[PDB]
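Trainee:
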Ligand SMILES: *[C@@H]1O[C@H](CO)[C@@H](O)[C@H](O)[C@H]1NC(C)=O
Ligand SMILES: [Zn+2]
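Protein chains in written order, with this note's numbering: chain W, 230 to 424; chain F, 263 to 859.
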């Protein structure tokens, strides 16, 4: 029995930033979701468009796993229709959604005494992201008429800003690891099935 | 293209992100020094504070490029107006250096004050040798020599510096379009452009004087009673109708009359309520004290203490050799981090201070959702008035009787209640005229009304007229008596202590009316009343995002200061004070002095 490698998406040494997240395609395997919703580690398990139970009774053609690390107060923005900085400029979900969002606290791993500034996010952008669109451009923002020509000055800001994670921060400011599973269905032999 | 309002929003979005991290690092650096007094930590704290100050200075100049007349949003205008203020940087560099060195010289002379006892074997400082003489003594000569000695040593050197400090600070106030330094200090109560909820810098004087006018009749009765009780201790040195000498007021400056309680207790045969003995009969530890303090706030609807509060906070004195600073404080480190530092003990007083500190913590957790630049109290007097109403409720017999610290068959006598109201009146009512007089004198000195050569001819004239206190020995212009106080020497405003007292009793009266409590106000308890916590949280939530007049209206129902609740609280004591003073003269004649005869 060839089981899907869910143990290399949830069980990882290094995660990706919000602005450049990691997407993994899962196909041609059997998916034992019983390990996930029966685990007490996860603090947020919200499934949109399906039921968490009876999930392993349908067969899909592909599953996409998008993983990143955000703050505590930004987990509520990973939902269809929500607005903010993470939803508008970093990771956007379509209004119609067939998938699940899983999130758990990672203070013991992603927080270090003195700060863990290895995670970035985009704070400024001209327009909102389209659903499932990734932007990794690093160009100076511009809120004034006069172009500053690639040097940070007055009204010209660098758009990527770092995250400060420390072990003593509040729950709302502590790092959280988020995995978003999207089940897509097209015309195909429906490779991904359940047990 | 964008309007100024849409560029000053991007600037603030960047500013919040940088400033939160820098300020949190500074607060952590200070915390590691207060809880561990060493030598390396001092240097680390200095570096962190210097970095934060430099960043704030650069952002202050950065914020001025965006005008304020072109901004419509009220919250954006408040946030930008908070950051636009510069301060002492508007002066010339040499003048700024002179101001800094003058203030540092004043702090050094005040902290290193030395007085010489007539007995050559003894040399005493203010902390704690002189204070132990002032608070705990019952002779006239020792207090006289101590009171004159401290002033004679420090005022002579502090007097020449004060004139230069006044002229330089007035120049700085002229730099920022303020009339004088007093107006710059009164600008903390100003609301502009709000509408009906507006307040002018010149209105504060009118409100303070109007509020003191109503308070004076009660203070006169209390003053007469204290004078009659002071007859029995110093029969040959106090007139039956004269002002009380300044060195018999219970401490160094007469700010609080609490230390006069043993002399002036109404019924000395009745012991005050002290639950320390029964607190040690159940083996109460410190964590239990803070757990009951937490339960008090839980019962009224306010949230619970965070998990990191229990681990990070220093709730007891360490025993591994670490030296700490034992002044009770509540720290809002930022990034959702709240702590309390306290060398607590198993005593009733620490049991009350736990509720006070947790009230500060609750205010900090309440306004945490506002923008970074609006995370403060409505003004300087709001933050310290919220805490006191918690200690008012935590000390009522109804609170301890339901807490198990008092038997259900406990009977309280009216004598004990009168004793409690007398001790409350010595601390609260007895300090208002001193604060109002001192701040009025400083305001008129800064305004230029008082000439430099008439500084001690008016200072005492007001003291007799407003406070009813006469000097024991005549002083010339070579003395600087106001500079002998800690807050005057270190350039701290003093009017916040006057307004905090009014706000605390307005808050107490409103919250007791919400709970539908019946009876005298001093017996009120707001425990288990979930309806009063909603009204409190209506004011706590705003922070500094709405005008202080509207923040006051949200909890009380009026947008002005009022001393009627304060007089309501002390009404049972006044009805007993009038009967005692029926056969004694009230009011003080200014002519009689101890030195004249
Ligand atoms: C991650 O590791 C834990 C530790 O053994 C394990 O219980 C858990 O099942 C792993 N995650 C997944 C998705 O298998
Ligand atoms: Zn306090």
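Don't be surprised by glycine CBs; every beta carbon is placed ideally from N, CA and C.
Using CA atoms only, rank isn't needed, just tell me which of W:276, W:326, W:331 is closest to residue 270 of chain W.
Mentor: Measuring from the Cα of residue 270 of chain W, the nearest candidate turns out to be W:331.
Trainee: Roughly how many angstroms separate the alpha carbons of residue 863 of chain F and residue 589 of chain F, rounded to a whole number?
Mentor: What is shown of chain F runs 263 to 859, which leaves residue 863 of chain F out entirely.
Trainee: At what residues does the beta strand (DSSP E) containing residue 412 of chain W begin and finish?
Mentor: From DSSP, the beta strand (DSSP E) with residue 412 of chain W extends over 405–413.
Trainee: Are there 16 or more other CB atoms within 10 angstroms of the CB of residue 365 of chain W, so buried, or fewer, so exposed?
Mentor: So residue 365 of chain W counts as exposed.
Trainee: So what's residue 445 of chain F in DSSP terms, helix, strand or just coil?
Mentor: Here residue 445 of chain F sits in helix by DSSP.
Trainee: So, does the CB of residue 598 of chain F fall closer than 7 Å to a CB anywhere in chain W?
Mentor: Answer yes: the Cβ-Cβ gap between residue 598 of chain F and chain W drops below 7 Å somewhere.
Trainee: Which partner residues does residue 389 of chain W have in the DSSP bridge list?
Mentor: The partner list for residue 389 of chain W (beta bridge, DSSP) reads W:351.
Trainee: Quickly, what does DSSP pair residue 273 of chain W with across the bridge? List them, please.
Mentor: Beta-bridge pairing links residue 273 of chain W to W:332.
Trainee: When every heavy atom of ligand 1 is checked, does at least one fall within less than 6 Å of the C-beta of residue 264 of chain W?
Mentor: Yes.
Trainee: Where does residue 432 of chain F land, buried or exposed, given buried means 16+ other C-beta within 10 angstroms?
Mentor: Answer is buried; the Cβ neighbour count reaches 16.
Trainee: Go ahead and pull the three-state DSSP assignment for residue 253 of chain W.
Mentor: Note: residue 253 of chain W maps to strand in three-state DSSP.
Trainee: Between F:671, F:480, F:605, which lies nearest to residue 694 of chain F when the distance is taken from Cα to Cα?
Mentor: Among F:671, F:480, F:605, the Cα nearest to that of residue 694 of chain F belongs to F:480.
Trainee: How long is the line joining the alpha carbons of residue 461 of chain F and residue 266 of chain W, rounded to whole angstroms?
Mentor: Approximately 58 Å, taken between the alpha carbons.
Trainee: For residue 645 of chain F, does the count of other Cβ atoms within 10 angstroms reach 16, so buried, or fall short, so exposed?
Mentor: Buried, by the Cβ-count rule.
Trainee: Less than 7 Å separating the beta-carbons of residue 346 of chain F and residue 324 of chain F?
Mentor: Taking 7 Å as the Cβ cut-off, residue 346 of chain F and residue 324 of chain F do not qualify as a contacting pair.
Trainee: So which residues of chain F does residue 336 of chain W contact, with C-beta pairs closer than 8 Å?
Mentor: None at all; the shortest Cβ gap to chain F is about 10 Å.
Trainee: Sorry if obvious, but does the Cβ on residue 649 of chain F come closer than 6 Å to a heavy atom of ligand 2?
Mentor: Within the cutoff, so yes.
Trainee: Measuring alpha carbon to alpha carbon, tell me which of W:394, W:256, W:355 ends up nearest residue 314 of chain W.
Mentor: Of W:394, W:256, W:355, the residue nearest in Cα terms is W:355.
Trainee: Any residues in the segment 393–415 of chain W with a beta carbon nearer than 8 Å to a beta carbon of chain F? Which ones, in chain order?
Mentor: Listed in sequence order: 393, 395, 397, 398, 399, 400, 401, 402.
Trainee: When you compare the CB of residue 332 of chain W with every CB in chain F, is at least one pair closer than 7 Å?
Mentor: No, residue 332 of chain W does not count as interfacial toward chain F.
Trainee: Against chain F, does residue 372 of chain W count as a neighbour if the rule is that its beta carbon must be under 7 Å from one of theirs?
Mentor: True, the Cβ-Cβ gap to chain F drops below 7 Å.
Trainee: Going by other Cβ atoms of all chains shown within 10 Å of its Cβ, with 16 needed for buried, is residue 380 of chain W buried or exposed?
Mentor: Exposed, by the Cβ-count rule.
Trainee: Residue 457 of chain W versus chain F: which residues are under 9 Å apart at the beta carbon?
Mentor: Absent from the structure is residue 457 of chain W, since the part of chain W shown begins at 230 and ends at 424.
Trainee: How about residue 803 of chain F: is its C-beta nearer than 7 Å to some C-beta of chain W?
Mentor: For residue 803 of chain F, the answer is no, since every Cβ of chain W falls outside 7 Å of its Cβ.
Trainee: Kindly provide the chain-ordered list of residues whose Cβ lies closer than 5 Å to any non-hydrogen atom of ligand 1.
Mentor: Ordered along the chain, the selected set is W:235, W:236, W:239, W:240.
Trainee: I need the straight-line Cα distance from residue 304 of chain W to residue 415 of chain W, nearest angstrom please.
Mentor: Each residue's Cα considered, the two are about 29 Å apart.
Trainee: Which residue's Cα is closest to the Cα of residue 625 of chain F: F:424, F:566, F:692?
Mentor: Among F:424, F:566, F:692, the Cα nearest to that of residue 625 of chain F is on F:566.
Trainee: Between the segment 562–579 of chain F and chain W, which residues of the former have a C-beta closer than 8 Å to a C-beta of the latter?
Mentor: Those would be 568, 569, 570, 574, in chain order.
Trainee: Using a Cβ-Cβ cut-off of 7 Å, state whether residue 386 of chain W counts as contacting chain F.
Mentor: Yes, residue 386 of chain W counts as interfacial toward chain F.
Trainee: Should residue 265 of chain F go down as buried or exposed, given a rule of 16 or more other Cβ atoms within 10 Å for buried?
Mentor: By the neighbour-count rule (16 or more Cβ atoms within 10 Å), residue 265 of chain F is not buried but exposed.
Trainee: Inspect the CB distances between the segment 486–495 of chain F and the segment 521–535 of chain F and report whether three or more fall short of 8 Å.
Mentor: A contact exists between the segment 486–495 of chain F and the segment 521–535 of chain F.
Trainee: On the CB-based measure, 16 or more other CB atoms within 10 Å of its CB, does residue 417 of chain W come out buried or exposed?
Mentor: With fewer than 16 Cβ atoms within 10 Å of its Cβ, residue 417 of chain W is classed as exposed.
Trainee: With 8 Å as the limit, tell me which residues of the segment 305–317 of chain W have their beta carbon closer than that to any beta carbon of chain F; keep them in chain order.
Mentor: Those residues of the segment 305–317 of chain W that come within reach of chain F (Cβ to Cβ, closer than 8 Å) do not exist; the list is empty.
Trainee: Is the CB of residue 793 of chain F under 7 Å away from at least one CB in chain W?
Mentor: Judged by the 7 Å Cβ criterion, residue 793 of chain F is not in contact with chain W.
Trainee: If we ignore side chains and look at the alpha-carbon of each, how far apart do residue 252 of chain W and residue 575 of chain F end up?
Mentor: Taking the straight line from one Cα to the other gives about 42 Å.
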